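Take a look at the structure below.
Every residue, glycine among them, receives a Cβ derived from its backbone with ideal geometry; neighbour counts consider all protein chains shown. No value in this document is a laboratory result; all are computed from the given coordinates.
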Amino acid sequence: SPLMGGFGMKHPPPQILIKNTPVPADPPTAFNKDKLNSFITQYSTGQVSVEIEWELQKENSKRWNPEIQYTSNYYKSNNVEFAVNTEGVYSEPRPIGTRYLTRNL
Amino acid sequence: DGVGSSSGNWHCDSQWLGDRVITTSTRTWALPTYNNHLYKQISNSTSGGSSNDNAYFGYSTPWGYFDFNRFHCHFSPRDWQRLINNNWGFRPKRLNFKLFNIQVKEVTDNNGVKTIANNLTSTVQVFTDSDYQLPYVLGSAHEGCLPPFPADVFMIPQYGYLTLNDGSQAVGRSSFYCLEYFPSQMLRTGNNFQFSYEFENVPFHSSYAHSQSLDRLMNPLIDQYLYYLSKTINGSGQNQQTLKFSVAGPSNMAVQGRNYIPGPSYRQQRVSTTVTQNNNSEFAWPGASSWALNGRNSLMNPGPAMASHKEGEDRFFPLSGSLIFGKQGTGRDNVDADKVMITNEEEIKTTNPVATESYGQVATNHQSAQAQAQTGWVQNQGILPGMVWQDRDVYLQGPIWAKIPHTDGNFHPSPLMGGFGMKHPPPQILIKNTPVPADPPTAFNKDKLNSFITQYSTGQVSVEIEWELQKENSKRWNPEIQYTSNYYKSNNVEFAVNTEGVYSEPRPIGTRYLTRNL
Amino acid sequence: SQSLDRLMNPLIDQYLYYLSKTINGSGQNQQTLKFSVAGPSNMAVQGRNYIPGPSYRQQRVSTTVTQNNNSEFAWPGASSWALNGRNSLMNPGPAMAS
């Protein structure tokens, strides 16, 4: 199990590598054997989509009293947590774990 | 297809099957306009040449050509290492070639600043000389091949050819070829070009070194049933002449009868890399071995496949007997010995004579009571029955094939620079940007147009070659010699890029590391 | 329409080198190796894969009689081969340029 947290796999999702194909500038009219070092300045943009299906393990606890749950605080604040600021900057105000429900040992 | 759709993918990989290896390489190329769309007569007069030996006549064409006649264009260093360490031989079988992702650009200069834009309607013309109707220039070790490093972008070399010459002038038998007199496919940005070629049957290249010498093939424990003349006089004075004979055995192997003899020779001058062992005079051209054709002297270079040096004599080389490669960044003219890589053919010393020695000695008179027996050094020896020899080894950066000249006769047409000789080698692939005239005058003028839009083209080129392998079945007990990298620490990894991204090949790599009996 | 020594591309250098100098140009102790690219400017030193065919040298005779030597040189000056002690003229011999 990865020490930083997560799922350890011998064959994880493969690395996806992307590069802009070089586009040479105008070459000299006389042959030169050296590799070209004059290229048209280029960059690329586009959209990327990733879809992941997750399997869930439902809880079947017989605990009587209510569990601890992650919840936002109703108390008034200048900004909504996990939202944008007045300058459009998105922020994550706190780390959120996964361990709120309980089960016996 | 269309402007916005790629006409091909990047294929660059090596697939190793049992008896076959398939190499695929893709490169990005750039093609400018050559000679401003013109054909030009060229000669030593146009280039300022003066010597008779270097006089020529020919034409320079506006066409470029694709060349992949070097092994590193297809084999990575690791693939080459696998091939040479695991196989006794190999040969090309078939070829697949592709041109795709054509991009034609137009260049406009206003004032000291150039603007580059796409010209979607312009075309590039490509055709293959499948009938071998044009002079073949791929048989010479010319620059301009696909780079060994896949990431390098290379410039397409300009196509030129030579014909018969008398000094700087031509003769009636000289031929002029127009490449527009050939059918060629015209490709816009959406089109692609491809063809397949089948290599004609060639022998497997000898990627092995003999573990036996031609003069040591006998049983070292058993005498021969043949005799030799051991004495002629009467030992321990006058009138002492008496014939003698002895059995040729292990104690005297030099005089044993043998069925086969080493291959031909043409002696080279010997040069030391220790400069103070050489003569204090200018002996390059003068001291060199040469051959003459129609009054022109051409250097014997590299010449017959001969052992570069005697055992232990590694400091010496034949003056023009070996392929010389230049290290990365080496200059063009008058570079030092440490800037070049001198190949050697010491592996063939078991069957081929030493380049800097006489073939042997031959009797030159009839001995008698008045005349002592005389012998003469055989400085060159032609083919004789019973001769055996090994051809020159091929290298990672060396040539692959060559076209056998169309002549009435030839003997062992293996290219002297190394590789596979073929009557019908892979055809020349010629490429040119179609001229795009500028705005013509509004009044008719019969002269050919000389104002064209400045253009160049770029795209990807892929070549796939299937190689047949000859596996080794040796019964040798001790481990073989293998090509290996050195573990010792260094500033850079061999056959890798530097801190400036420059790829370099630090040494020539042969193919002869495994061994087999003679 | 082409000569064996002129089969290369007259526009492109070879990727092979040659020893251009041996001394130290412009004295004693002047020995230093040198190498240069074989290209269109020096075609004679370029590497080549094939070489001209065999030879057996003939004597040269002019049809301008006053350019020939003032002696009898037909049989004596001729190239020959020997078989069982008999000499037979090398005639016409190997195919060679006249």
Selection from B:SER281, B:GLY312, B:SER265, by position along the positive dipole direction of the stretch B:254-323 (Cβ): B:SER265
When C:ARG48, B:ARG512 are arranged by how many other beta-carbons sit within 10 Å of their Cβ, fewest first, they go B:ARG512, C:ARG48
Computed helical MRE - 222 nm, the protein assembly as shown, DSSP H runs ≥ 4 contributing -39500 (n - 2.57), nearest 500: -500 deg cm²/dmol
Those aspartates and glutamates that a straight Cα-Cα span of less than 18 Å connects to B:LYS244, excepting residues fewer than 8 apart in one chain: B:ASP223
From fewest to most C-beta neighbours within 10 Å, the residues B:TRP291, B:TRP29 line up as B:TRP291, B:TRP29
Net charge around B:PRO353, counting only other residues with Cβ within less than 11 Å of its Cβ (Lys, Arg = +1; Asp, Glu = -1)? +2
How much length is gained on full extension from B:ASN492 to B:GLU313, taking 0.36 nm per residue of separation minus their Cα-Cα distance? 61.4 nm
Can you pull the percent of Cα pairs in the stretch B:445-518 with separation above 19 Å? 72 percent
If the label point is 7 Å along Cα→Cβ of B:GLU106, which residues in the stretch B:430-463 have backbone nitrogen under 17 Å from it? B:433-441, B:450-458
State to the nearest 20 debye the size of the charge dipole of the stretch B:336-385 about its Cα centre, where the only charges are +1 on K and R beta carbons and -1 on D and E beta carbons. 320 debye
Starting from 0.36 nm per residue, how many nanometres of slack lie between B:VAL388 and B:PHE245 once their C-alpha separation is accounted for? 48.5 nm
How many Å³ per residue does the convex hull of the Cα positions in the stretch B:201-353 occupy? 288 Å³
Going toward the positive end of the dipole of the stretch B:362-518, with +1 on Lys and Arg Cβ and -1 on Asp and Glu Cβ, which of B:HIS366, B:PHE495, B:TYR513 do you reach last? B:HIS366
Three-way shape label, the stretch B:76-231, alpha-carbon gyration tensor, a/c 1.5: prolate
Pairs to check: B:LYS349/C:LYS21; A:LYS19/B:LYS327; A:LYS35/B:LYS327; B:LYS98/B:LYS403. Give those whose C-alpha atoms are more than 24 Å from each other in this structure. B:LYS349/C:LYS21; A:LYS19/B:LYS327
Considering the options A:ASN73, B:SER485, B:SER211, tell which one lies farthest towards the positive end of the dipole of the protein assembly as shown, charges being +1 on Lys and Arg and -1 on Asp and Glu at the Cβ, about the Cα centre. B:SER211
Place a point 7 Å from the Cα of A:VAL48 in the direction of its beta carbon; the residues of the stretch A:1-18 whose amide N falls under 16 Å from it are A:13-18
What percent does the relative contact order of the stretch B:1-101 come to when contacts are Cα pairs within less than 8 Å and at least six residues apart? 26 percent
Do any GluC sites (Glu not before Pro) in the stretch B:275-365 lie in a loop, going by DSSP, with at most 11 other beta-carbon atoms within 10 Å of their beta carbon, and if so which? B:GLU311
For the stretch B:266-397, count all C-alpha to C-alpha pairs, find those more than 22 Å apart, and express that count as a whole percent of the total. 48 percent
Cα-centre dipole for the protein assembly as shown with unit charges at Cβ (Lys and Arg positive, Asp and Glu negative), debye to 20: 1120 debye
Mean projected area (nm²) of the alpha-carbon convex hull when the protein assembly as shown is viewed from all directions: 59.3 nm²
With a point put 7 Å past each Cα toward its Cβ, work out how far A:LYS35 is from B:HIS366 in nm, to one decimal. 7.2 nm
Between C:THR64 and B:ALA292, what FRET efficiency follows from the Cβ-Cβ distance if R0 is 25 Å, with the result rounded to 0.05? 0.60
Long-range tail of P(r) for chain C (Cα pairs > 21 Å, %): 64 percent
Neighbourhood charge, 14 Å Cβ-Cβ cut-off, centred on B:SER43 and excluding it, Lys, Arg +1 and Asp, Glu -1: +1
For the stretch B:53-162, I need the span (max minus min coordinate) of the C-alpha atoms along each principal axis, in Å, sorted largest to smallest. 60, 39, 29
Charge dipole (debye, nearest 20) of the stretch B:444-518; +1 at Cβ of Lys and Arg, -1 at Cβ of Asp and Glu: 280 debye
Shape of the stretch B:392-518 from its Cα gyration tensor (a ≥ b ≥ c, root eigenvalues): rounded if a/c is under 1.5, otherwise prolate when a/b > b/c, or oblate? oblate
List the trypsin sites (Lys or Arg not before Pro) within the stretch A:1-43 that fall in a DSSP loop (any state other than H, G, I, E or B) and whose Cβ has at most 11 other Cβ atoms within 10 Å. A:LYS10, A:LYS19
I'm checking a number: the convex hull volume of the Cα atoms of the stretch A:38-86, normalised per residue, in Å³. What is it? 210 Å³
Over 20 Å between C-alpha atoms is what I'm after, so list which of B:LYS93/B:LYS471; B:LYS93/B:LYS423; A:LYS33/B:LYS489; B:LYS339/C:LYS34 land there. A:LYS33/B:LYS489
All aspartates and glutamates inside 18 Å of B:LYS114 as judged from Cα atoms, apart from same-chain residues fewer than 8 positions distant: A:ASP26, B:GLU106
Looking at the stretch B:79-139, I'd like the Rg to Rh ratio, where Rg is from alpha-carbon atoms and Rh is Kirkwood's inverse mean 1/r. 1.22
Label point distance in nm, B:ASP13-A:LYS19, each placed 7 Å from Cα along Cα→Cβ: 1.7 nm
Simple SL model, points at 7 angstrom along Cα→Cβ for B:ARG332 and B:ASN279; separation in nm is 3.2 nm
